[PDB]
Every structure is written in structure tokens, then in C-alpha cells.
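Next up, my_file-v4.pdb (PDB, N, CA and C atoms):
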```pdb
ATOM      1  N   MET X   1      14.990 -88.344  27.534
ATOM      2  CA  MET X   1      13.965 -88.960  26.636
ATOM      3  C   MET X   1      13.543 -87.935  25.617
ATOM      4  N   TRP X   2      14.040 -86.723  25.796
ATOM      5  CA  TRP X   2      13.706 -85.627  24.915
ATOM      6  C   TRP X   2      14.962 -85.076  24.234
ATOM      7  N   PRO X   3      15.463 -85.748  23.229
ATOM      8  CA  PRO X   3      16.673 -85.278  22.497
ATOM      9  C   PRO X   3      16.371 -83.949  21.840
ATOM     10  N   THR X   4      15.087 -83.752  21.603
ATOM     11  CA  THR X   4      14.591 -82.531  21.014
ATOM     12  C   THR X   4      15.527 -81.981  19.942
ATOM     13  N   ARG X   5      15.262 -82.356  18.697
ATOM     14  CA  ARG X   5      16.026 -81.837  17.569
ATOM     15  C   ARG X   5      15.116 -80.842  16.884
ATOM     16  N   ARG X   6      15.328 -79.570  17.166
ATOM     17  CA  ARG X   6      14.446 -78.542  16.639
ATOM     18  C   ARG X   6      14.989 -77.843  15.411
ATOM     19  N   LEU X   7      14.066 -77.498  14.527
ATOM     20  CA  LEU X   7      14.404 -76.746  13.341
ATOM     21  C   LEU X   7      13.799 -75.358  13.492
ATOM     22  N   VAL X   8      14.640 -74.371  13.759
ATOM     23  CA  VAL X   8      14.154 -73.012  13.934
ATOM     24  C   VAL X   8      14.290 -72.247  12.634
ATOM     25  N   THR X   9      13.210 -71.603  12.235
ATOM     26  CA  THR X   9      13.216 -70.835  11.008
ATOM     27  C   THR X   9      13.358 -69.357  11.324
ATOM     28  N   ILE X  10      14.488 -68.774  10.941
ATOM     29  CA  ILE X  10      14.696 -67.363  11.189
ATOM     30  C   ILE X  10      13.708 -66.581  10.340
ATOM     31  N   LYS X  11      12.870 -65.794  10.996
ATOM     32  CA  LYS X  11      11.859 -65.033  10.281
ATOM     33  C   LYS X  11      12.520 -64.121   9.266
ATOM     34  N   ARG X  12      13.373 -63.242   9.765
ATOM     35  CA  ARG X  12      14.093 -62.322   8.912
ATOM     36  C   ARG X  12      15.493 -62.120   9.469
ATOM     37  N   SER X  13      16.282 -61.306   8.800
ATOM     38  CA  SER X  13      17.648 -61.069   9.236
ATOM     39  C   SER X  13      17.706 -60.339  10.577
ATOM     40  N   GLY X  14      17.963 -61.080  11.661
ATOM     41  CA  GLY X  14      18.095 -60.445  12.968
ATOM     42  C   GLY X  14      17.236 -61.055  14.082
ATOM     43  N   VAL X  15      16.118 -61.699  13.754
ATOM     44  CA  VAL X  15      15.263 -62.244  14.812
ATOM     45  C   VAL X  15      14.846 -63.688  14.578
ATOM     46  N   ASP X  16      14.514 -64.352  15.683
ATOM     47  CA  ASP X  16      14.066 -65.735  15.649
ATOM     48  C   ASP X  16      12.595 -65.796  15.259
ATOM     49  N   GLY X  17      12.241 -66.795  14.463
ATOM     50  CA  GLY X  17      10.859 -66.961  14.027
ATOM     51  C   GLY X  17      10.238 -68.203  14.662
ATOM     52  N   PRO X  18       9.121 -68.640  14.148
ATOM     53  CA  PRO X  18       8.408 -69.847  14.666
ATOM     54  C   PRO X  18       9.282 -71.095  14.589
ATOM     55  N   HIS X  19       9.134 -71.977  15.570
ATOM     56  CA  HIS X  19       9.923 -73.203  15.604
ATOM     57  C   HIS X  19       9.201 -74.330  14.878
ATOM     58  N   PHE X  20       9.924 -75.411  14.607
ATOM     59  CA  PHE X  20       9.340 -76.548  13.906
ATOM     60  C   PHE X  20       9.784 -77.875  14.524
ATOM     61  N   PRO X  21       9.032 -78.400  15.462
ATOM     62  CA  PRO X  21       9.359 -79.705  16.118
ATOM     63  C   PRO X  21       9.400 -80.845  15.103
ATOM     64  N   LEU X  22      10.310 -81.796  15.299
ATOM     65  CA  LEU X  22      10.411 -82.919  14.369
ATOM     66  C   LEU X  22       9.584 -84.103  14.844
ATOM     67  N   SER X  23       8.520 -84.401  14.105
ATOM     68  CA  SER X  23       7.661 -85.530  14.435
ATOM     69  C   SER X  23       7.996 -86.702  13.522
ATOM     70  N   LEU X  24       8.582 -86.380  12.374
ATOM     71  CA  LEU X  24       8.959 -87.394  11.398
ATOM     72  C   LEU X  24      10.476 -87.471  11.268
ATOM     73  N   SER X  25      10.981 -88.679  11.050
ATOM     74  CA  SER X  25      12.417 -88.882  10.911
ATOM     75  C   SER X  25      12.937 -88.220   9.640
ATOM     76  N   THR X  26      12.028 -87.895   8.727
ATOM     77  CA  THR X  26      12.415 -87.263   7.470
ATOM     78  C   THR X  26      11.788 -85.877   7.328
ATOM     79  N   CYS X  27      12.636 -84.865   7.154
ATOM     80  CA  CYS X  27      12.151 -83.494   6.992
ATOM     81  C   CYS X  27      12.268 -83.054   5.533
ATOM     82  N   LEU X  28      11.163 -82.563   4.978
ATOM     83  CA  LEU X  28      11.131 -82.121   3.587
ATOM     84  C   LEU X  28      10.788 -80.630   3.492
ATOM     85  N   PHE X  29      11.444 -79.941   2.555
ATOM     86  CA  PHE X  29      11.237 -78.502   2.362
ATOM     87  C   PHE X  29      10.529 -78.219   1.038
ATOM     88  N   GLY X  30       9.664 -77.199   1.014
ATOM     89  CA  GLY X  30       8.984 -76.845  -0.223
ATOM     90  C   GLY X  30       7.549 -76.374  -0.006
ATOM     91  N   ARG X  31       6.976 -75.826  -1.075
ATOM     92  CA  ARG X  31       5.607 -75.317  -1.061
ATOM     93  C   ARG X  31       4.600 -76.436  -0.821
ATOM     94  N   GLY X  32       4.839 -77.582  -1.445
ATOM     95  CA  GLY X  32       3.934 -78.711  -1.305
ATOM     96  C   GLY X  32       3.599 -78.967   0.158
ATOM     97  N   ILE X  33       2.333 -79.274   0.421
ATOM     98  CA  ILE X  33       1.889 -79.552   1.780
ATOM     99  C   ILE X  33       2.569 -80.813   2.295
ATOM    100  N   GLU X  34       2.941 -81.682   1.364
ATOM    101  CA  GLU X  34       3.611 -82.928   1.708
ATOM    102  C   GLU X  34       4.947 -82.648   2.392
ATOM    103  N   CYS X  35       5.439 -81.418   2.260
ATOM    104  CA  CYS X  35       6.710 -81.051   2.866
ATOM    105  C   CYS X  35       6.540 -80.783   4.355
ATOM    106  N   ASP X  36       7.402 -81.392   5.164
ATOM    107  CA  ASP X  36       7.343 -81.193   6.607
ATOM    108  C   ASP X  36       7.604 -79.733   6.916
ATOM    109  N   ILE X  37       8.499 -79.144   6.137
ATOM    110  CA  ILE X  37       8.841 -77.744   6.308
ATOM    111  C   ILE X  37       8.217 -76.938   5.173
ATOM    112  N   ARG X  38       6.947 -76.595   5.359
ATOM    113  CA  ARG X  38       6.187 -75.850   4.363
ATOM    114  C   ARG X  38       6.735 -74.437   4.187
ATOM    115  N   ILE X  39       6.968 -74.055   2.935
ATOM    116  CA  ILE X  39       7.485 -72.727   2.630
ATOM    117  C   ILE X  39       6.573 -72.014   1.632
ATOM    118  N   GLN X  40       6.145 -70.796   1.961
ATOM    119  CA  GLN X  40       5.269 -70.052   1.058
ATOM    120  C   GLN X  40       6.068 -69.066   0.211
ATOM    121  N   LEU X  41       6.672 -69.578  -0.853
ATOM    122  CA  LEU X  41       7.448 -68.748  -1.767
ATOM    123  C   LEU X  41       7.519 -69.424  -3.141
ATOM    124  N   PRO X  42       6.965 -68.821  -4.167
ATOM    125  CA  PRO X  42       6.971 -69.407  -5.546
ATOM    126  C   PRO X  42       8.362 -69.840  -6.012
ATOM    127  N   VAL X  43       9.381 -69.077  -5.642
ATOM    128  CA  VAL X  43      10.747 -69.400  -6.051
ATOM    129  C   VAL X  43      11.202 -70.751  -5.481
ATOM    130  N   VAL X  44      10.834 -71.035  -4.230
ATOM    131  CA  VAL X  44      11.216 -72.302  -3.595
ATOM    132  C   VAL X  44      10.483 -73.470  -4.264
ATOM    133  N   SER X  45      11.183 -74.592  -4.438
ATOM    134  CA  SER X  45      10.594 -75.772  -5.092
ATOM    135  C   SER X  45       9.757 -76.614  -4.125
ATOM    136  N   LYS X  46       8.925 -77.500  -4.689
ATOM    137  CA  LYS X  46       8.074 -78.379  -3.881
ATOM    138  C   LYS X  46       8.939 -79.298  -3.026
ATOM    139  N   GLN X  47      10.012 -79.794  -3.628
ATOM    140  CA  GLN X  47      10.948 -80.664  -2.931
ATOM    141  C   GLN X  47      12.331 -80.041  -3.040
ATOM    142  N   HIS X  48      12.416 -78.801  -2.577
ATOM    143  CA  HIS X  48      13.645 -78.021  -2.644
ATOM    144  C   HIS X  48      14.787 -78.680  -1.884
ATOM    145  N   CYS X  49      14.537 -79.041  -0.634
ATOM    146  CA  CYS X  49      15.568 -79.661   0.176
ATOM    147  C   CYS X  49      14.961 -80.617   1.184
ATOM    148  N   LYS X  50      15.781 -81.524   1.689
ATOM    149  CA  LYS X  50      15.295 -82.504   2.645
ATOM    150  C   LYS X  50      16.328 -82.818   3.715
ATOM    151  N   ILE X  51      15.889 -82.795   4.969
ATOM    152  CA  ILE X  51      16.776 -83.122   6.074
ATOM    153  C   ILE X  51      16.436 -84.505   6.610
ATOM    154  N   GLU X  52      17.355 -85.448   6.428
ATOM    155  CA  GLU X  52      17.133 -86.804   6.903
ATOM    156  C   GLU X  52      17.767 -86.974   8.274
ATOM    157  N   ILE X  53      16.925 -87.204   9.267
ATOM    158  CA  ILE X  53      17.387 -87.358  10.632
ATOM    159  C   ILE X  53      17.962 -88.750  10.879
ATOM    160  N   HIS X  54      19.136 -88.779  11.506
ATOM    161  CA  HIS X  54      19.802 -90.034  11.822
ATOM    162  C   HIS X  54      19.866 -90.231  13.329
ATOM    163  N   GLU X  55      20.339 -91.400  13.732
ATOM    164  CA  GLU X  55      20.443 -91.734  15.145
ATOM    165  C   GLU X  55      20.866 -90.518  15.970
ATOM    166  N   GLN X  56      21.829 -89.747  15.463
ATOM    167  CA  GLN X  56      22.305 -88.568  16.190
ATOM    168  C   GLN X  56      22.701 -87.437  15.242
ATOM    169  N   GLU X  57      22.327 -87.536  13.968
ATOM    170  CA  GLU X  57      22.707 -86.495  13.011
ATOM    171  C   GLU X  57      21.597 -86.171  12.014
ATOM    172  N   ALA X  58      21.596 -84.923  11.545
ATOM    173  CA  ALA X  58      20.630 -84.478  10.548
ATOM    174  C   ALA X  58      21.357 -84.341   9.216
ATOM    175  N   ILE X  59      20.815 -84.951   8.171
ATOM    176  CA  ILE X  59      21.476 -84.923   6.870
ATOM    177  C   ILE X  59      20.619 -84.236   5.810
ATOM    178  N   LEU X  60      21.201 -83.238   5.144
ATOM    179  CA  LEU X  60      20.493 -82.497   4.098
ATOM    180  C   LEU X  60      20.465 -83.287   2.795
ATOM    181  N   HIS X  61      19.370 -83.147   2.052
ATOM    182  CA  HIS X  61      19.221 -83.829   0.777
ATOM    183  C   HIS X  61      18.609 -82.874  -0.247
ATOM    184  N   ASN X  62      19.457 -81.996  -0.776
ATOM    185  CA  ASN X  62      19.035 -80.996  -1.756
ATOM    186  C   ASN X  62      18.717 -81.616  -3.113
ATOM    187  N   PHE X  63      17.581 -81.213  -3.674
ATOM    188  CA  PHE X  63      17.155 -81.714  -4.979
ATOM    189  C   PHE X  63      17.275 -80.622  -6.043
ATOM    190  N   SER X  64      17.122 -79.369  -5.619
ATOM    191  CA  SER X  64      17.178 -78.239  -6.544
ATOM    192  C   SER X  64      18.561 -78.089  -7.171
ATOM    193  N   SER X  65      18.583 -77.832  -8.477
ATOM    194  CA  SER X  65      19.840 -77.659  -9.198
ATOM    195  C   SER X  65      20.102 -76.182  -9.495
ATOM    196  N   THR X  66      19.139 -75.527 -10.144
ATOM    197  CA  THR X  66      19.283 -74.114 -10.484
ATOM    198  C   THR X  66      19.409 -73.270  -9.222
ATOM    199  N   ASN X  67      18.531 -73.528  -8.260
ATOM    200  CA  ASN X  67      18.553 -72.802  -6.998
ATOM    201  C   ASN X  67      18.812 -73.781  -5.856
ATOM    202  N   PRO X  68      20.047 -74.147  -5.643
ATOM    203  CA  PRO X  68      20.421 -75.117  -4.575
ATOM    204  C   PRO X  68      20.339 -74.521  -3.180
ATOM    205  N   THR X  69      20.042 -75.371  -2.208
ATOM    206  CA  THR X  69      19.972 -74.934  -0.829
ATOM    207  C   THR X  69      21.372 -74.511  -0.395
ATOM    208  N   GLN X  70      21.470 -73.759   0.690
ATOM    209  CA  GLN X  70      22.771 -73.275   1.140
ATOM    210  C   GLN X  70      23.004 -73.546   2.620
ATOM    211  N   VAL X  71      24.264 -73.789   2.967
ATOM    212  CA  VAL X  71      24.637 -74.038   4.359
ATOM    213  C   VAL X  71      25.795 -73.139   4.768
ATOM    214  N   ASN X  72      25.652 -72.491   5.916
ATOM    215  CA  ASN X  72      26.696 -71.612   6.423
ATOM    216  C   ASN X  72      27.205 -70.691   5.322
ATOM    217  N   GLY X  73      26.332 -70.367   4.376
ATOM    218  CA  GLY X  73      26.703 -69.482   3.277
ATOM    219  C   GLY X  73      27.487 -70.226   2.203
ATOM    220  N   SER X  74      27.362 -71.547   2.188
ATOM    221  CA  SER X  74      28.059 -72.363   1.200
ATOM    222  C   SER X  74      27.053 -73.112   0.335
ATOM    223  N   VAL X  75      27.235 -73.038  -0.980
ATOM    224  CA  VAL X  75      26.320 -73.710  -1.898
ATOM    225  C   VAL X  75      26.422 -75.218  -1.751
ATOM    226  N   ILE X  76      25.282 -75.869  -1.890
ATOM    227  CA  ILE X  76      25.202 -77.312  -1.748
ATOM    228  C   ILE X  76      24.993 -77.995  -3.103
ATOM    229  N   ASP X  77      26.016 -78.698  -3.576
ATOM    230  CA  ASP X  77      25.930 -79.404  -4.850
ATOM    231  C   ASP X  77      25.113 -80.686  -4.701
ATOM    232  N   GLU X  78      25.370 -81.410  -3.613
ATOM    233  CA  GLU X  78      24.682 -82.667  -3.339
ATOM    234  C   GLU X  78      24.420 -82.788  -1.838
ATOM    235  N   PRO X  79      23.726 -83.810  -1.412
ATOM    236  CA  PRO X  79      23.416 -84.003   0.038
ATOM    237  C   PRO X  79      24.683 -83.927   0.883
ATOM    238  N   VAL X  80      24.592 -83.247   2.026
ATOM    239  CA  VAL X  80      25.756 -83.085   2.898
ATOM    240  C   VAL X  80      25.417 -83.342   4.362
ATOM    241  N   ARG X  81      26.458 -83.567   5.157
ATOM    242  CA  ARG X  81      26.300 -83.812   6.585
ATOM    243  C   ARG X  81      26.227 -82.493   7.345
ATOM    244  N   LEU X  82      25.372 -82.450   8.362
ATOM    245  CA  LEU X  82      25.186 -81.229   9.136
ATOM    246  C   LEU X  82      25.693 -81.364  10.567
ATOM    247  N   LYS X  83      26.173 -80.246  11.099
ATOM    248  CA  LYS X  83      26.647 -80.185  12.477
ATOM    249  C   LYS X  83      25.640 -79.404  13.307
ATOM    250  N   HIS X  84      25.662 -79.598  14.618
ATOM    251  CA  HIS X  84      24.733 -78.887  15.481
ATOM    252  C   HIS X  84      25.005 -77.387  15.433
ATOM    253  N   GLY X  85      23.949 -76.609  15.213
ATOM    254  CA  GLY X  85      24.080 -75.158  15.144
ATOM    255  C   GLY X  85      24.259 -74.682  13.703
ATOM    256  N   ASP X  86      24.265 -75.622  12.763
ATOM    257  CA  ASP X  86      24.424 -75.276  11.353
ATOM    258  C   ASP X  86      23.205 -74.513  10.848
ATOM    259  N   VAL X  87      23.434 -73.594   9.918
ATOM    260  CA  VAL X  87      22.347 -72.796   9.362
ATOM    261  C   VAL X  87      22.107 -73.155   7.900
ATOM    262  N   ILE X  88      20.846 -73.412   7.564
ATOM    263  CA  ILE X  88      20.479 -73.761   6.195
ATOM    264  C   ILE X  88      19.721 -72.601   5.568
ATOM    265  N   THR X  89      20.109 -72.232   4.360
ATOM    266  CA  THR X  89      19.455 -71.123   3.674
ATOM    267  C   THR X  89      19.031 -71.515   2.264
ATOM    268  N   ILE X  90      17.774 -71.226   1.941
ATOM    269  CA  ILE X  90      17.241 -71.524   0.618
ATOM    270  C   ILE X  90      17.313 -70.246  -0.229
ATOM    271  N   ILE X  91      16.367 -70.028  -1.131
ATOM    272  CA  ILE X  91      16.417 -68.841  -1.975
ATOM    273  C   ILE X  91      16.263 -67.549  -1.174
ATOM    274  N   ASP X  92      15.318 -67.512  -0.234
ATOM    275  CA  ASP X  92      15.116 -66.297   0.557
ATOM    276  C   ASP X  92      14.770 -66.593   2.017
ATOM    277  N   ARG X  93      14.894 -67.847   2.442
ATOM    278  CA  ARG X  93      14.584 -68.188   3.829
ATOM    279  C   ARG X  93      15.723 -68.969   4.461
ATOM    280  N   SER X  94      15.774 -68.946   5.788
ATOM    281  CA  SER X  94      16.827 -69.647   6.507
ATOM    282  C   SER X  94      16.258 -70.544   7.597
ATOM    283  N   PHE X  95      16.916 -71.678   7.800
ATOM    284  CA  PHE X  95      16.502 -72.633   8.817
ATOM    285  C   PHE X  95      17.689 -73.006   9.688
ATOM    286  N   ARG X  96      17.423 -73.268  10.958
ATOM    287  CA  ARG X  96      18.483 -73.628  11.883
ATOM    288  C   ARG X  96      18.275 -75.052  12.381
ATOM    289  N   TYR X  97      19.347 -75.830  12.430
ATOM    290  CA  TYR X  97      19.255 -77.206  12.902
ATOM    291  C   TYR X  97      19.952 -77.329  14.248
ATOM    292  N   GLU X  98      19.153 -77.456  15.309
ATOM    293  CA  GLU X  98      19.710 -77.552  16.656
ATOM    294  C   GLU X  98      19.389 -78.880  17.326
ATOM    295  N   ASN X  99      20.442 -79.573  17.747
ATOM    296  CA  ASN X  99      20.295 -80.846  18.434
ATOM    297  C   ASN X  99      20.693 -80.684  19.898
ATOM    298  N   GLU X 100      19.703 -80.591  20.778
ATOM    299  CA  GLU X 100      19.981 -80.420  22.201
ATOM    300  C   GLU X 100      20.261 -81.759  22.873
TER     301      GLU X 100
END
```

As C-alpha cells:
Amino acid sequence: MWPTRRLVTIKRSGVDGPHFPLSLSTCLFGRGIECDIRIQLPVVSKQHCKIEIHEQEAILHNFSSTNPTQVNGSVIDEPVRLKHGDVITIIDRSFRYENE
């Protein structure tokens, strides 16, 4: 009853940071408080990226053009499908998508 799809935000290069439980089927990234994944960095956009949770999959929805979100060290031109254990990286922060 606990699929527990957690989004772990790596604090810095080398260690695990605070976790982010998913209460909403839609995850949004950015400075704006409206973002499920609040980020405190002027460079990051209000609606920088978005993870849309599906029956069994998490889907990224990048809006930023100049500074696009990144996955596994790969630039994201448009929304893409994510695999369990995939790593998402923005301008200076990283997020982990784990589906237990």
C-alpha cells in the first residue's frame, strides 16, 4: 500500500540530502512556492521542470529553454520518460527519482 515514490535531493557532490515525499501526482520544480520541489537559487526558474507521476512511472516536463534540466548528464530538449534510479540535474542542484 506504500509504493513510496521518493524524490531525494542530493545536497552536494558526495552525500544524500533531505528527502521529498510525493503527496501530489504532479511534481513541480522552481523558486515559486507553488512548486512541489522548492529550490532556492535565482538561476533556477519558477517552473524550471516538472515530474508527472503516472500509474507506475515518473515523467519529466522541462519548461526551461536556455537552462534546460538534465538527466543522467544528458540535456533535456523536451519532456522525457524516467527510469527508476534516474538522476535529474538542474543548473546547480540534483534530484533522484526512486520508485520502491

Legend entry - Interatomic distance (Å, one decimal) between CA of residue 99 (chain X) and CA of residue 35 (chain X):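 CA of residue 35 (chain X) lies at a distance of 20.7 Å from CA of residue 99 (chain X).
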
Legend entry - For residue 92 (chain X): contacts at 9 Å, only C-alpha atoms, fewer than 5 positions along chain excluded, given as a ChimeraX atom specification: /X:41,43-44

Inset, instruction - Counting all atoms listed in the file, figure out which residue out of X:100, X:94, X:40, X:30 gets nearest to residue 9 (chain X). - result: X:94

Legend entry - Contacts of residue 91 (chain X) within 12 Å, only C-alpha atoms, excl. fewer than 5 positions in-chain, as a PyMOL selection string: chain X and resi 29-30+39-45+48-49+64-71+73+75

Inset, instruction - Could you jot down the CA of residue 89 (chain X) to atom N of residue 34 (chain X) separation for me, Å, one decimal place? - result: 19.7 Å

Legend entry - Residue nearest residue 80 (chain X) - candidates X:15, X:33, X:60, X:27, atoms counted: all atoms listed in the file: X:60

Box centre and edge lengths (Å, one decimal), axis-aligned, region 57-72 of chain X plus 5 Å each side, as AutoDock Vina command-line options:
```
--center_x 22.2 --center_y -79.1 --center_z 1.7 --size_x 20.1 --size_y 26.8 --size_z 34.5
```

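Shortest atom-to-atom contact with residue 28 (chain X) among X:81, X:46, X:96, X:5: X:46, counting all atoms listed in the file.
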
Inset, instruction - Would you work out the distance separating atom N of residue 47 (chain X) from atom C of residue 2 (chain X), expressed in Å to one decimal? - result: 28.8 Å

Inset, instruction - Expand the PyMOL selection byres ((chain X and resi 98) around 8) into the individual residues it matches in the shown file, reporting them as a list in words. - result: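 Applied to this file, the PyMOL selection byres ((chain X and resi 98) around 8) returns residues 3, 4, 5, 6, 7, 8, 83, 84, 85, 86, 87, 95, 96, 97, 99 and 100 of chain X.
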
Please complete region 74-91 of chain X with N, CA, C and O atoms and give it back as a compact mmCIF listing (two decimals), in the frame of the given file.
```txt
# COMPACT_ATOMS: atom_id res chain seq x y z
N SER X 74 27.36 -71.55 2.19
CA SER X 74 28.06 -72.36 1.20
C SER X 74 27.05 -73.11 0.34
O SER X 74 26.13 -73.74 0.85
N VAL X 75 27.24 -73.04 -0.98
CA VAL X 75 26.32 -73.71 -1.90
C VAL X 75 26.42 -75.22 -1.75
O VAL X 75 27.50 -75.77 -1.49
N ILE X 76 25.28 -75.87 -1.89
CA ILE X 76 25.20 -77.31 -1.75
C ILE X 76 24.99 -78.00 -3.10
O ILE X 76 23.92 -77.90 -3.70
N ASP X 77 26.02 -78.70 -3.58
CA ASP X 77 25.93 -79.40 -4.85
C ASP X 77 25.11 -80.69 -4.70
O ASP X 77 24.29 -81.01 -5.55
N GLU X 78 25.37 -81.41 -3.61
CA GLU X 78 24.68 -82.67 -3.34
C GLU X 78 24.42 -82.79 -1.84
O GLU X 78 24.85 -81.94 -1.06
N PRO X 79 23.73 -83.81 -1.41
CA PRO X 79 23.42 -84.00 0.04
C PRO X 79 24.68 -83.93 0.88
O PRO X 79 25.73 -84.45 0.50
N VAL X 80 24.59 -83.25 2.03
CA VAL X 80 25.76 -83.08 2.90
C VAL X 80 25.42 -83.34 4.36
O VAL X 80 24.25 -83.32 4.76
N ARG X 81 26.46 -83.57 5.16
CA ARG X 81 26.30 -83.81 6.58
C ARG X 81 26.23 -82.49 7.34
O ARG X 81 26.91 -81.53 6.99
N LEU X 82 25.37 -82.45 8.36
CA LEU X 82 25.19 -81.23 9.14
C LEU X 82 25.69 -81.36 10.57
O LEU X 82 25.61 -82.43 11.18
N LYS X 83 26.17 -80.25 11.10
CA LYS X 83 26.65 -80.18 12.48
C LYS X 83 25.64 -79.40 13.31
O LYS X 83 24.85 -78.63 12.76
N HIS X 84 25.66 -79.60 14.62
CA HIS X 84 24.73 -78.89 15.48
C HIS X 84 25.00 -77.39 15.43
O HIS X 84 26.14 -76.95 15.59
N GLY X 85 23.95 -76.61 15.21
CA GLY X 85 24.08 -75.16 15.14
C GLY X 85 24.26 -74.68 13.70
O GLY X 85 24.38 -73.48 13.45
N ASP X 86 24.26 -75.62 12.76
CA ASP X 86 24.42 -75.28 11.35
C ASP X 86 23.20 -74.51 10.85
O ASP X 86 22.08 -74.75 11.30
N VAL X 87 23.43 -73.59 9.92
CA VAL X 87 22.35 -72.80 9.36
C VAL X 87 22.11 -73.16 7.90
O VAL X 87 23.04 -73.19 7.10
N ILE X 88 20.85 -73.41 7.56
CA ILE X 88 20.48 -73.76 6.20
C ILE X 88 19.72 -72.60 5.57
O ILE X 88 18.81 -72.05 6.18
N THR X 89 20.11 -72.23 4.36
CA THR X 89 19.45 -71.12 3.67
C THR X 89 19.03 -71.52 2.26
O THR X 89 19.82 -72.05 1.49
N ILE X 90 17.77 -71.23 1.94
CA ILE X 90 17.24 -71.52 0.62
C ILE X 90 17.31 -70.25 -0.23
O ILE X 90 18.25 -69.47 -0.07
N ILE X 91 16.37 -70.03 -1.13
CA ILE X 91 16.42 -68.84 -1.98
C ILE X 91 16.26 -67.55 -1.17
O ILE X 91 16.99 -66.59 -1.41
```
